[PDB]
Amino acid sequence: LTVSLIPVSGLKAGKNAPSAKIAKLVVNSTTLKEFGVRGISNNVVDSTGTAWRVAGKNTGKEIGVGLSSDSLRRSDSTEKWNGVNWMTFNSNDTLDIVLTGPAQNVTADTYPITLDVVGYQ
């Protein structure tokens, strides 16, 4: 697998739209047909690791991030690996990372976003 995580440009502090895009996740593979993806943080807010909280570097304030509603609906399956839920998607595909839930008022800051991606056959 080859993965890219690309930030969305033009993001502004203040009230953002519901499900405002913030990053794109690209996953490609010449061998594997599918991939699982989970968010990585100290505060994962749902059972599949597809919604989680990220803290700002300079302010320490939290935003809610996760896979978009539309991205979630493209899932092939949910698997269980060592007990942990992993939603799977077709390789050679892009997914949207968004601000989750209702409109968020976002403080101006840098916010690190980390994901685990795994190949599946």
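Residue indices: 1-based, along the sequence shown. Throughout, rigid core stands for the largest set of C-alpha atoms superposing within 1.5 Å between the two forms.
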Checklist line | Greater Cα displacement in 7 other deposited structures of this protein once the core is superposed, comparing 44-52 with 79-87 | finding: 79-87
Notebook entry, point to check: Taking the recorded C-alpha temperature factors, which stretch has the higher mean, 51-59 or 30-38?
Noted result: 30-38
Margin query: Out of 69, 94, 85, 43, whose C-alpha atom has the biggest B factor in the entry?
Written below: 94
Next item on the list: Rank-wise, by C-alpha B-factor, drop residue 23 into the lowest, middle or highest third of its chain.
Entry: lowest
Check: Of the three thirds of its chain by CA temperature factor, lowest, middle or highest, which one includes residue 73?
Finding: lowest
Notebook entry, point to check: residue 99's Cα B-factor: lowest, middle or highest third of the chain?
Noted result: lowest
